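> Take this structure first; my questions come after.
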Amino acid sequence: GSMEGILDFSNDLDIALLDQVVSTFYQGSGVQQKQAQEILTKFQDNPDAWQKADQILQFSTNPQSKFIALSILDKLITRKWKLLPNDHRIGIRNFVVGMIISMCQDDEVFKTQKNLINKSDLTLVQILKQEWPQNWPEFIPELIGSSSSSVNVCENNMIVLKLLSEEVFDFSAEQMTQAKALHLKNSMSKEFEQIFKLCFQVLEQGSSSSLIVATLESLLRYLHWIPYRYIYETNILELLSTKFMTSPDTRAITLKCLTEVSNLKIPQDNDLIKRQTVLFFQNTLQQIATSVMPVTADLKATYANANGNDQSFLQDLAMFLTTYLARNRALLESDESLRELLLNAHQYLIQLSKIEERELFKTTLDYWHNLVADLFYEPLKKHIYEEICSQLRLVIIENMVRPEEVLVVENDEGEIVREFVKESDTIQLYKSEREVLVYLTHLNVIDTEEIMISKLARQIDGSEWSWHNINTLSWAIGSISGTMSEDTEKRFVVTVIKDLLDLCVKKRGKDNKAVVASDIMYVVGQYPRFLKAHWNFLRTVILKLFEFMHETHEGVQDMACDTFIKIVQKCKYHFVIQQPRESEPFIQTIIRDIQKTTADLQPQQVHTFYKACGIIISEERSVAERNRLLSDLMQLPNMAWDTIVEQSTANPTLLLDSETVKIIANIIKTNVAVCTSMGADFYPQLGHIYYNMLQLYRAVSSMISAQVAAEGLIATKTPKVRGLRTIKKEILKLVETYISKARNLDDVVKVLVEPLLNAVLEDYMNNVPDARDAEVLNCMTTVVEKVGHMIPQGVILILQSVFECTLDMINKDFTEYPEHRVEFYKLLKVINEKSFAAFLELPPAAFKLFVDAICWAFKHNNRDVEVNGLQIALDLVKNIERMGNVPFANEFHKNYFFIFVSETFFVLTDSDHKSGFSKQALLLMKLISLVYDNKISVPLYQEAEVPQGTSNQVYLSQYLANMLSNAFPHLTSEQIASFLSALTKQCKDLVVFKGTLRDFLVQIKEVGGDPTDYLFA
Amino acid sequence: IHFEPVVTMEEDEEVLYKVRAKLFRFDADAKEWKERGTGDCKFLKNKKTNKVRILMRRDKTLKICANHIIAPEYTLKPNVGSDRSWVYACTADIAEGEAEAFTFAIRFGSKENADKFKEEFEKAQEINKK
Amino acid sequence: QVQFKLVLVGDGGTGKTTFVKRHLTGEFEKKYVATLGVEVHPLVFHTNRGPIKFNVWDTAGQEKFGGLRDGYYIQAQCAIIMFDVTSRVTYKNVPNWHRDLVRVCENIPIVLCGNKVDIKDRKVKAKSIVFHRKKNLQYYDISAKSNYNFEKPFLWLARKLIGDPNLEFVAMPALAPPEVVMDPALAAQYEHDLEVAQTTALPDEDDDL
Ligand SMILES: Nc1nc2c(ncn2[C@@H]2O[C@H](COP(=O)(O)OP(=O)(O)NP(=O)(O)O)[C@@H](O)[C@H]2O)c(=O)[nH]1
Ligand SMILES: */C(=C\C(=O)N1CC(F)(F)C1)n1cnc(-c2cc(C(F)(F)F)cc(C(F)(F)F)c2)n1
Ligand SMILES: [Cl-]
Ligand SMILES: [Cl-]
Ligand SMILES: [Cl-]
Ligand SMILES: [Mg+2]
């Protein structure tokens, strides 16, 4: 195609053609646009393309072409500047400077080509980063001088200085060496006196200009780093807080500046400076009230209208008020003449807190947290804010977000339904709102109670009735549990429940009933202290939850199950004892009627119910009685199990019933649920099913294998095979769950482990990859974690069965078998921690695969795998070091030391594993320190490669210099030598060592980095 | 004394059946099913012409992910991996614009819902026959 | 007609392309195929104020595939900055992307999106996400995989661009579909295509739907 002509550098660049390709890309569409994009990228990437930049800038009539030209230059300047002959550096500086001057002196261009001029300015700043001040000492003085010649030049100079400050102070940490950043920061600091003079003069002699706005934009950046004296020893605060607050065009930027002023480092014990800090705040608030809106204004309405920049302004006002007050409100709290200012500022925050905008509300809520936590502790302060706090109680109570526990919500058709998914993004918000409301309740429990009780009264009489209103109030009432004394809470809860029961009688139809039921469940579940004191009520609550377990409304039904277990987790002791005037502990009553109670529940809900019963049973510490309760609880699943075990042992065929498969899975899941809450106490139940369960595991394994053989790999996708594998997975889960909680480890080893390994390991090894359950690896991890020290031969067996076959599944790419990948490395990690001897016993070929596997883990971008890989490597090195001067350790170092060093360097430097930097650095430092400390007892080099006496320190440096020379050929020998000298000297100081690595990572991205940078200290 | 006061194209259709579902289309070029939408799948009978269509819209965006006549020629078939889905060939769906043929799969929250859909699908087919 | 240039930026692997594809076709692409420079896609939403068209410039997040980089931002009218809540480095880079973006586009509405909230092990804690406040960016937790809040960035941007805070998505008109009979000549090829479809398992059979 014709657009490709611009890629032929053997001919002259057709600028007209370039402008067409550029236009096609930015203004075109579809295929033509796509082709132009590819062409432009190729053009841009040509390493000689920079040589065309002058011609483009001169002859192009397309501003985007010129932008692209500048991007080409930026790439050259940032990466290859010192590769250029000196005349090309001068030439480039000159035409960039000249273009900027030329575009500023033509008013129409300066007005209409802002994008191109900003890009030019940034490109200039890239040259400054390379050249200034050492090879451009007069830049600042000449910029200052040029500013007087022209208003356009002066404004543009402010943009250049803003960008320079950003590049030096805000964005240098990642992009420059420590030494170069210090040099540029010191250089800007040394000339700032004169920069500030220009800025202050401009601000003094102007009003609302684009020049003023640009100057203020530059000031915002300077405030990040300049000494406070520039702000406090000049008249600049008066200008910022008065004059520049009056015009809307300057108001936005001025407010941001004042926010950063509020963050300056300022002396603590100077009365004069305190006065100035008060004064600018006073001025600012006066300007807001007279020029923008009074304290009474409805900011909720204004924000919602969204005119002009109003939303941004209100956001910025919130940021200003919260920032200032969190730091300085004490300055306003003692002097009676400052009380009105203090309270007015807080009244604006109250108004801002009524805005409907979740992210803004979090910002103001953070402030309110800061305030109320201070008032909770600081003597004599809360009374100042009593009216503010009272208003805040109302704001929070009226804007409570739905708790995670409340599972019903109103849909688009006005029906109250079960939520489709969890509202995950309001979890933190709820916690934050609760935190503030709890503090507010403590600050004035009478006010809080009066507000809540009177609001509830207005729900009852109907005056304020709505789903929104009863919900937010109920959630607020639940959320303050624990704030009142038991005695006070008693009266409060009784009044609330009486009123909530009135509503539930009156408000009818499934929607209302669901709303009110959800609110009572939430409140009741939030007050276990009350429930523990009032058994008759608790029993009544539980019986009512059981009724709700038969609700046709699935939301209410599900919430009743959650509320049951929530109450049980806190009140379980009261279910296990025999209460006065009861004939039996309530746990007996629950268990006896469990079939009827749970008949309408979905299986997972039944499992939750059983889990709750397990919590209660584990309260019984008399073993005989606990085991009897456990036996009673498990009666139904054990009776179903016993009949199945009889049938399956007669016929493997009866297990081909999908109905039976579901029944079995649900039995095992019920066991898992009970084991989860009972832990070590579950053992007698485990013993009842264990041997038949492992036989069932084997039988189901045979069915799966048979199905894959008969139908192909596709069989693994079928409902039948998935159902069979669910049985295997749940069995593994049950065993893992028990062992993870077991207190009698002797029984685990003597009774559980051998049959488990016998049942699971060969089956994993001898299935095709797609039929292997990652859950086997997960189960073995827990086995090794808990009893690995007691089963050395068992650990060896685990490795033999899973190591090589799993490695082969995951070592072709980084994505297949993701769960196997993750569990594989967790397993290797714990074996290396708990039973290192297992790796010592591996044949040398298998040990080599182990090293390969660890390094392979390094190269993952998946954090779960990467982190474990780096830890295994570090633990392995420690394991080897612990062995001392023995043949295995010597051979390990001879074979693998440099493999670990080089592999670690590779992931450190390839820009694709940045998440692992800290642990990579730790590992590298350990490796280097081993040689530095002479902890490797044999030569790391083969003989005649280097003189016979040669220390490993000398050889390590030679090896690394050669490795780096070949991997990074654009580095000078001195850069490499200096880097390595520093790195090795610093191998006992991790923070310094990491700085040196970060400096190296900067230098490898450019040419001609200064080797003295590695002397930074 | 007078005080002057202060100054979808599914309207002609009956909803025979509604069910929550996930719809897939088969990409034959790749060899995989790709999701087309999740939301309410409705069977709509046009009150003027008595013809029954499937109309399905995505949650939140409300974009049409299925729009086609429940043709008497169509046949719901099981998918190998599911007991709660149907697959079928559609010759003329206009969710994206101009009529286009697809192989669809539709999956439901449960087997019971899937079996209800098929019964309703076949009822609708008999209506379209009349 | 009413169309707006939207640039989508953020670290490689954050879900930019997956997010756009979800909106374009409804699909969820599991594979990670790195975007090369930029991919442009038109995307239309129907609203109570008429149709709004976004020309989505889905840019490459991988430095090695960055192409024209900030060159893509020229004349953008809005933007989405993406990160991954399971990867702290991607949040750490948000200020870098924002810097590069606003240098070219000085006054546009921008949404910041923390993607992949479906993943249980979240690493960028909700409480940590504050960068948007001083920069006046909207923020949403999202998941391209579960569709959690997936419509929110476009709804907010549309509201800002049309200048109507009460703008809502509305159900697009649904024209009567045609009656077509299968071509008898293609019936045998129909049989084959359906067989392959029936015997290719549906993905994510453990999902609620
Ligand atoms: N779990 C989960 N995975 C997701 C989500 N969104 C995207 N992914 C996955 O993340 C990977 C990368 O997605 P992709 O959209 O290519 O990322 P990108 O930001 O466009 N990368 P690039 O900048 O290189 O083009 C894919 O494997 C995709 O399936 C999500 O919400 N949840
Ligand atoms: C209202 C019950 C109702 O619909 N009634 C009573 C009638 F007059 F017979 C008609 N309603 C909704 N929720 C409750 C309620 C819930 C709970 C629980 F904590 F379990 F959520 C407890 C009770 C209790 F009885 F203990 F007070 C009531 N009542
Ligand atoms: Cl431009
Ligand atoms: Cl208790
Ligand atoms: Cl040298
Ligand atoms: Mg992409």
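If you're wondering about the labels, chains in the structure tokens are A, B, ... by order shown, residues count from 1 in each chain, ligands from 1 in order shown.
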Which residues sit within 9 Å of ligand 6, counting only C-alpha atoms and all ligand atoms, listed as a PyMOL selection string?
chain C and resi 12-18+32-39+58-62
> Hey, which residues sit close to ligand 4? Say within 7 Å, counting only C-alpha atoms and all ligand atoms, and write them as a VMD selection string.
chain A and resid 570 to 574
> Return as a PyMOL selection string every polymer residue, whether protein, DNA or RNA, with at least one atom no more than 10 Å from an atom of ligand 2; count only C-alpha atoms and all ligand atoms.
chain A and resi 497-498+500-510+512-525+536-548+556+559-561+563-564+567
> How would the residues just picked look written out with C-alpha atoms as a PDB file, in the first residue's frame?

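Generated output (again.pdb):
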ATOM      1  CA  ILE A 497     -37.951  -4.851  69.182  1.00  0.00           C
ATOM      2  CA  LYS A 498     -41.425  -3.933  70.488  1.00  0.00           C
ATOM      3  CA  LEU A 500     -40.257  -3.590  64.985  1.00  0.00           C
ATOM      4  CA  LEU A 501     -42.828  -6.267  65.851  1.00  0.00           C
ATOM      5  CA  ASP A 502     -45.608  -3.641  65.532  1.00  0.00           C
ATOM      6  CA  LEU A 503     -44.470  -2.867  61.961  1.00  0.00           C
ATOM      7  CA  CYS A 504     -44.214  -6.533  60.982  1.00  0.00           C
ATOM      8  CA  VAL A 505     -47.857  -7.086  61.969  1.00  0.00           C
ATOM      9  CA  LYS A 506     -49.061  -3.990  60.092  1.00  0.00           C
ATOM     10  CA  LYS A 507     -46.968  -3.988  56.894  1.00  0.00           C
ATOM     11  CA  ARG A 508     -48.247  -6.751  54.626  1.00  0.00           C
ATOM     12  CA  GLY A 509     -47.592  -8.495  51.278  1.00  0.00           C
ATOM     13  CA  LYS A 510     -44.389 -10.442  50.610  1.00  0.00           C
ATOM     14  CA  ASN A 512     -43.030  -5.460  53.095  1.00  0.00           C
ATOM     15  CA  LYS A 513     -42.777  -8.661  55.121  1.00  0.00           C
ATOM     16  CA  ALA A 514     -39.364  -9.391  53.592  1.00  0.00           C
ATOM     17  CA  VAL A 515     -38.084  -5.868  54.295  1.00  0.00           C
ATOM     18  CA  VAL A 516     -39.162  -5.905  57.928  1.00  0.00           C
ATOM     19  CA  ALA A 517     -38.021  -9.496  58.528  1.00  0.00           C
ATOM     20  CA  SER A 518     -34.551  -8.665  57.184  1.00  0.00           C
ATOM     21  CA  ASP A 519     -34.337  -5.659  59.514  1.00  0.00           C
ATOM     22  CA  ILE A 520     -35.373  -7.613  62.641  1.00  0.00           C
ATOM     23  CA  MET A 521     -32.928 -10.433  61.805  1.00  0.00           C
ATOM     24  CA  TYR A 522     -30.161  -7.869  61.355  1.00  0.00           C
ATOM     25  CA  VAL A 523     -30.895  -6.090  64.646  1.00  0.00           C
ATOM     26  CA  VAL A 524     -31.365  -9.254  66.714  1.00  0.00           C
ATOM     27  CA  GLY A 525     -28.167 -10.840  65.353  1.00  0.00           C
ATOM     28  CA  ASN A 536     -36.893 -16.986  76.763  1.00  0.00           C
ATOM     29  CA  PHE A 537     -36.405 -14.403  74.041  1.00  0.00           C
ATOM     30  CA  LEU A 538     -33.419 -16.201  72.524  1.00  0.00           C
ATOM     31  CA  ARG A 539     -35.381 -19.463  72.307  1.00  0.00           C
ATOM     32  CA  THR A 540     -38.241 -17.522  70.668  1.00  0.00           C
ATOM     33  CA  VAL A 541     -35.858 -15.911  68.165  1.00  0.00           C
ATOM     34  CA  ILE A 542     -34.328 -19.293  67.207  1.00  0.00           C
ATOM     35  CA  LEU A 543     -37.768 -20.901  66.773  1.00  0.00           C
ATOM     36  CA  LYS A 544     -38.766 -17.991  64.550  1.00  0.00           C
ATOM     37  CA  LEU A 545     -35.624 -18.391  62.455  1.00  0.00           C
ATOM     38  CA  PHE A 546     -36.635 -22.063  62.035  1.00  0.00           C
ATOM     39  CA  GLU A 547     -40.033 -20.904  60.754  1.00  0.00           C
ATOM     40  CA  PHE A 548     -38.247 -18.630  58.251  1.00  0.00           C
ATOM     41  CA  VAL A 556     -35.560 -14.318  53.943  1.00  0.00           C
ATOM     42  CA  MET A 559     -30.844 -14.780  55.789  1.00  0.00           C
ATOM     43  CA  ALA A 560     -32.477 -16.887  58.531  1.00  0.00           C
ATOM     44  CA  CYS A 561     -29.765 -19.539  58.071  1.00  0.00           C
ATOM     45  CA  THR A 563     -28.574 -15.251  61.269  1.00  0.00           C
ATOM     46  CA  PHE A 564     -28.908 -18.606  63.032  1.00  0.00           C
ATOM     47  CA  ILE A 567     -26.225 -15.931  66.813  1.00  0.00           C
TER      48      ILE A 567
END
> Tell me, as a list in words, which residues lie within 12 Å of residue 46 in chain C, counting only C-alpha atoms; anything in the same chain fewer than 3 positions away does not count.
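The neighbour list is residues 8, 60, 61, 62, 63 and 64 of chain B; 2, 43, 49, 50, 51, 52, 53, 54, 154, 155, 158, 167, 168, 169, 170, 171, 172 and 173 of chain C.
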> Just the strand (DSSP E or B) stuff from range 94-167 of chain C, please, per backbone DSSP, written as a ChimeraX atom specification.
/C:110-115,138-141
> So that I have them on file, write out the residues from the current selection with N, CA and C atoms, as an mmCIF file, in the first residue's frame.

data_model
loop_
_atom_site.group_PDB
_atom_site.id
_atom_site.type_symbol
_atom_site.label_atom_id
_atom_site.label_comp_id
_atom_site.auth_asym_id
_atom_site.auth_seq_id
_atom_site.Cartn_x
_atom_site.Cartn_y
_atom_site.Cartn_z
ATOM 1 N N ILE C 110 -12.479 11.564 33.734
ATOM 2 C CA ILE C 110 -11.699 10.338 33.847
ATOM 3 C C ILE C 110 -12.264 9.463 34.962
ATOM 4 N N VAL C 111 -12.434 8.169 34.663
ATOM 5 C CA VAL C 111 -12.829 7.173 35.645
ATOM 6 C C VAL C 111 -11.622 6.280 35.943
ATOM 7 N N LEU C 112 -11.362 6.067 37.226
ATOM 8 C CA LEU C 112 -10.361 5.122 37.689
ATOM 9 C C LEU C 112 -11.082 3.825 38.080
ATOM 10 N N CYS C 113 -10.603 2.683 37.571
ATOM 11 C CA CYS C 113 -11.269 1.401 37.794
ATOM 12 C C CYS C 113 -10.301 0.376 38.369
ATOM 13 N N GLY C 114 -10.686 -0.196 39.497
ATOM 14 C CA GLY C 114 -9.930 -1.257 40.134
ATOM 15 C C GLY C 114 -10.583 -2.566 39.736
ATOM 16 N N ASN C 115 -9.990 -3.253 38.764
ATOM 17 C CA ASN C 115 -10.573 -4.469 38.174
ATOM 18 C C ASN C 115 -10.183 -5.733 38.935
ATOM 19 N N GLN C 138 -13.495 9.879 38.997
ATOM 20 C CA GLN C 138 -14.477 8.976 39.576
ATOM 21 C C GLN C 138 -13.762 7.658 39.839
ATOM 22 N N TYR C 139 -14.184 6.926 40.860
ATOM 23 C CA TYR C 139 -13.613 5.601 41.136
ATOM 24 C C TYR C 139 -14.692 4.508 41.237
ATOM 25 N N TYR C 140 -14.457 3.351 40.605
ATOM 26 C CA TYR C 140 -15.274 2.149 40.838
ATOM 27 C C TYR C 140 -14.428 0.887 40.970
ATOM 28 N N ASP C 141 -14.782 0.061 41.949
ATOM 29 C CA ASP C 141 -14.420 -1.365 41.942
ATOM 30 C C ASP C 141 -15.190 -1.992 40.780
#
> Between CA of residue 870 in chain A and CA of residue 858 in chain A, what is the distance, to one decimal in Å?
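Atom-to-atom, CA of residue 870 in chain A and CA of residue 858 in chain A are spaced 6.2 Å apart.
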> Applying 12 Å and only C-alpha atoms, which residues near residue 56 in chain C remain after dropping the ones on its own chain fewer than 6 positions away? List them as a ChimeraX atom specification.
/A:29 /C:3-9,16-17,19-21,23-24,38-44,72-73,76-80,154
> Compute the chain B side of the contact with chain C at 6 Å, counting only C-alpha atoms, and hand it back as number ranges by chain.
B: 8-9, 22, 34-37, 62, 68, 79-81, 108-109
> Please write the residues from the selection above to a file, keeping N, CA and C atoms, as a PDB file, in the first residue's frame.

ATOM      1  N   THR B   8     -39.536   0.808  23.227  1.00  0.00           N
ATOM      2  CA  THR B   8     -38.848  -0.494  23.271  1.00  0.00           C
ATOM      3  C   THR B   8     -39.329  -1.477  22.187  1.00  0.00           C
ATOM      4  N   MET B   9     -40.563  -1.278  21.718  1.00  0.00           N
ATOM      5  CA  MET B   9     -41.195  -2.115  20.690  1.00  0.00           C
ATOM      6  C   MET B   9     -41.689  -3.460  21.259  1.00  0.00           C
ATOM      7  N   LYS B  22     -28.171 -17.430  30.888  1.00  0.00           N
ATOM      8  CA  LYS B  22     -26.940 -17.023  30.216  1.00  0.00           C
ATOM      9  C   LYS B  22     -26.928 -17.627  28.820  1.00  0.00           C
ATOM     10  N   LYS B  34     -18.831 -18.760  23.293  1.00  0.00           N
ATOM     11  CA  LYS B  34     -18.587 -17.424  23.808  1.00  0.00           C
ATOM     12  C   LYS B  34     -19.883 -16.858  24.357  1.00  0.00           C
ATOM     13  N   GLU B  35     -19.820 -16.259  25.548  1.00  0.00           N
ATOM     14  CA  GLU B  35     -21.004 -15.646  26.156  1.00  0.00           C
ATOM     15  C   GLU B  35     -21.483 -14.508  25.290  1.00  0.00           C
ATOM     16  N   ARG B  36     -22.801 -14.393  25.137  1.00  0.00           N
ATOM     17  CA  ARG B  36     -23.405 -13.263  24.436  1.00  0.00           C
ATOM     18  C   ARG B  36     -24.183 -12.348  25.386  1.00  0.00           C
ATOM     19  N   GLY B  37     -24.660 -12.900  26.496  1.00  0.00           N
ATOM     20  CA  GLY B  37     -25.361 -12.098  27.490  1.00  0.00           C
ATOM     21  C   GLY B  37     -25.956 -12.893  28.630  1.00  0.00           C
ATOM     22  N   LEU B  62     -29.133  -3.310  29.182  1.00  0.00           N
ATOM     23  CA  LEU B  62     -30.423  -3.612  28.532  1.00  0.00           C
ATOM     24  C   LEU B  62     -30.294  -3.863  27.023  1.00  0.00           C
ATOM     25  N   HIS B  68     -35.328 -13.448  18.060  1.00  0.00           N
ATOM     26  CA  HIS B  68     -35.687 -14.345  16.951  1.00  0.00           C
ATOM     27  C   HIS B  68     -36.994 -15.082  17.187  1.00  0.00           C
ATOM     28  N   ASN B  79     -26.178 -30.131  25.705  1.00  0.00           N
ATOM     29  CA  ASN B  79     -24.735 -29.955  25.609  1.00  0.00           C
ATOM     30  C   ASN B  79     -24.048 -31.014  26.455  1.00  0.00           C
ATOM     31  N   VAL B  80     -22.929 -31.523  25.964  1.00  0.00           N
ATOM     32  CA  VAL B  80     -22.206 -32.597  26.644  1.00  0.00           C
ATOM     33  C   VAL B  80     -21.789 -32.274  28.095  1.00  0.00           C
ATOM     34  N   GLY B  81     -21.541 -31.002  28.391  1.00  0.00           N
ATOM     35  CA  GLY B  81     -21.038 -30.627  29.704  1.00  0.00           C
ATOM     36  C   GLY B  81     -22.070 -30.211  30.737  1.00  0.00           C
ATOM     37  N   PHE B 108     -29.281 -22.198  32.363  1.00  0.00           N
ATOM     38  CA  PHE B 108     -30.194 -21.703  33.386  1.00  0.00           C
ATOM     39  C   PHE B 108     -29.644 -21.990  34.766  1.00  0.00           C
ATOM     40  N   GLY B 109     -30.301 -21.433  35.780  1.00  0.00           N
ATOM     41  CA  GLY B 109     -29.874 -21.598  37.167  1.00  0.00           C
ATOM     42  C   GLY B 109     -29.969 -23.028  37.681  1.00  0.00           C
TER      43      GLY B 109
END
> Just want the 9 Å neighbourhood of residue 613 in chain A, counted on only C-alpha atoms, with same-chain residues fewer than 6 positions away dropped. Output as a PyMOL selection string.
chain A and resi 565+568+572+587+590-591+633+674+677
> From a backbone DSSP assignment, name each residue in range 96-174 of chain C labelled alpha helix (DSSP H), as a short mmCIF file (atom, residue, chain, number, x, y, z; two decimals) with N, CA, C and O atoms, in the first residue's frame.

data_model
loop_
_atom_site.label_atom_id
_atom_site.label_comp_id
_atom_site.auth_asym_id
_atom_site.auth_seq_id
_atom_site.Cartn_x
_atom_site.Cartn_y
_atom_site.Cartn_z
N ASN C 96 1.47 7.42 37.28
CA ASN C 96 2.25 7.53 36.05
C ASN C 96 1.36 7.63 34.81
O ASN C 96 1.56 8.50 33.95
N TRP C 97 0.36 6.75 34.74
CA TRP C 97 -0.58 6.77 33.62
C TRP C 97 -1.35 8.09 33.63
O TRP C 97 -1.50 8.72 32.58
N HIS C 98 -1.81 8.50 34.80
CA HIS C 98 -2.59 9.73 34.94
C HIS C 98 -1.77 10.95 34.51
O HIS C 98 -2.28 11.82 33.78
N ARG C 99 -0.52 11.00 34.95
CA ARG C 99 0.43 12.06 34.54
C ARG C 99 0.51 12.16 33.04
O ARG C 99 0.30 13.24 32.48
N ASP C 100 0.85 11.05 32.39
CA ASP C 100 1.02 11.04 30.94
C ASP C 100 -0.28 11.45 30.21
O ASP C 100 -0.24 12.17 29.21
N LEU C 101 -1.41 11.00 30.74
CA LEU C 101 -2.72 11.28 30.17
C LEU C 101 -3.09 12.77 30.25
O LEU C 101 -3.40 13.38 29.22
N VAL C 102 -3.05 13.35 31.45
CA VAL C 102 -3.49 14.73 31.64
C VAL C 102 -2.54 15.75 31.06
O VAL C 102 -2.94 16.87 30.81
N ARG C 103 -1.29 15.37 30.82
CA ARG C 103 -0.39 16.25 30.07
C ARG C 103 -0.88 16.51 28.65
O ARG C 103 -0.65 17.58 28.10
N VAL C 104 -1.55 15.52 28.06
CA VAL C 104 -2.11 15.67 26.72
C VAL C 104 -3.55 16.16 26.78
O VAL C 104 -3.95 16.99 25.97
N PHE C 131 -6.06 7.85 45.35
CA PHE C 131 -5.41 8.70 44.36
C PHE C 131 -6.39 9.60 43.59
O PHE C 131 -6.05 10.73 43.24
N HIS C 132 -7.58 9.07 43.30
CA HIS C 132 -8.60 9.82 42.55
C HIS C 132 -9.11 11.11 43.23
O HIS C 132 -9.59 12.01 42.55
N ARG C 133 -9.01 11.20 44.54
CA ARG C 133 -9.69 12.29 45.26
C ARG C 133 -9.16 13.66 44.84
O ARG C 133 -9.93 14.51 44.40
N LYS C 134 -7.86 13.87 44.97
CA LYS C 134 -7.25 15.16 44.58
C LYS C 134 -7.25 15.41 43.08
O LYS C 134 -7.15 16.55 42.66
N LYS C 135 -7.39 14.36 42.28
CA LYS C 135 -7.37 14.49 40.82
C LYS C 135 -8.78 14.56 40.22
O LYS C 135 -8.93 14.67 38.99
N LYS C 152 -20.86 0.92 35.06
CA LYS C 152 -20.71 2.19 35.80
C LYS C 152 -19.78 3.23 35.15
O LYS C 152 -20.13 4.41 35.12
N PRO C 153 -18.60 2.80 34.65
CA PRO C 153 -17.70 3.79 34.03
C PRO C 153 -18.31 4.48 32.82
O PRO C 153 -18.14 5.70 32.67
N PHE C 154 -19.03 3.74 32.00
CA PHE C 154 -19.66 4.32 30.83
C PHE C 154 -20.87 5.19 31.18
O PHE C 154 -21.09 6.23 30.56
N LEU C 155 -21.64 4.77 32.18
CA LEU C 155 -22.77 5.57 32.63
C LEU C 155 -22.31 6.94 33.17
O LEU C 155 -22.87 7.98 32.82
N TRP C 156 -21.28 6.93 34.00
CA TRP C 156 -20.76 8.19 34.56
C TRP C 156 -20.20 9.09 33.48
O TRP C 156 -20.52 10.28 33.43
N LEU C 157 -19.36 8.53 32.60
CA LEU C 157 -18.79 9.30 31.50
C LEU C 157 -19.86 9.91 30.59
O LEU C 157 -19.74 11.06 30.17
N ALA C 158 -20.91 9.14 30.31
CA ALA C 158 -22.01 9.63 29.47
C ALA C 158 -22.73 10.79 30.13
O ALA C 158 -23.03 11.81 29.49
N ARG C 159 -23.00 10.64 31.42
CA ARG C 159 -23.58 11.73 32.21
C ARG C 159 -22.73 13.01 32.16
O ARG C 159 -23.26 14.12 32.00
N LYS C 160 -21.42 12.86 32.29
CA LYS C 160 -20.52 14.02 32.26
C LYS C 160 -20.43 14.64 30.87
O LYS C 160 -20.41 15.84 30.74
N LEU C 161 -20.43 13.82 29.83
CA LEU C 161 -20.22 14.29 28.47
C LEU C 161 -21.48 14.92 27.88
O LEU C 161 -21.41 15.92 27.17
N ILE C 162 -22.63 14.33 28.16
CA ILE C 162 -23.89 14.89 27.70
C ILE C 162 -24.32 16.05 28.60
O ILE C 162 -25.11 16.91 28.18
#
> Could you list, as a VMD selection string, all protein and nucleic acid residues with an atom at most 8 Å from ligand 5, counting only C-alpha atoms and all ligand atoms?
chain A and resid 972 to 975
> Please identify all protein, DNA and RNA residues within 10 Å of ligand 3, counting only C-alpha atoms and all ligand atoms, and report them as a count of residues only.
20
> Within 12 Å of ligand 1, which residues of chain A show up? Give each one with its shortest atom-to-atom distance in Å (one decimal) and the two atoms involved, counting only C-alpha atoms and all ligand atoms, rows by chain then rising residue number, as a tab-separated table.

residue	atom	partner	partner_atom_place_in_ligand_line	distance
A:814	CA	ligand 1	27 (O)	11.3
A:815	CA	ligand 1	27 (O)	9.0
A:816	CA	ligand 1	27 (O)	11.7
A:818	CA	ligand 1	27 (O)	11.6
A:861	CA	ligand 1	11 (C)	11.3
A:862	CA	ligand 1	11 (C)	10.9
A:912	CA	ligand 1	24 (O)	11.6
> Find the residues of chain A in contact range of chain B, meaning any atom within 8 Å when counting only C-alpha atoms, and list them as a PyMOL selection string.
chain A and resi 717-719
> Could you dump the residues just selected with N, CA and C atoms as a compact mmCIF listing (two decimals), in the first residue's frame?

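New file out.txt:
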# COMPACT_ATOMS: atom_id res chain seq x y z
N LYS A 717 -15.80 -33.37 31.38
CA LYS A 717 -16.73 -32.23 31.39
C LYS A 717 -18.17 -32.62 31.72
N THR A 718 -18.48 -33.90 31.66
CA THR A 718 -19.86 -34.36 31.78
C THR A 718 -20.35 -34.22 33.23
N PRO A 719 -21.66 -33.99 33.42
CA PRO A 719 -22.21 -33.94 34.78
C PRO A 719 -21.85 -35.17 35.61
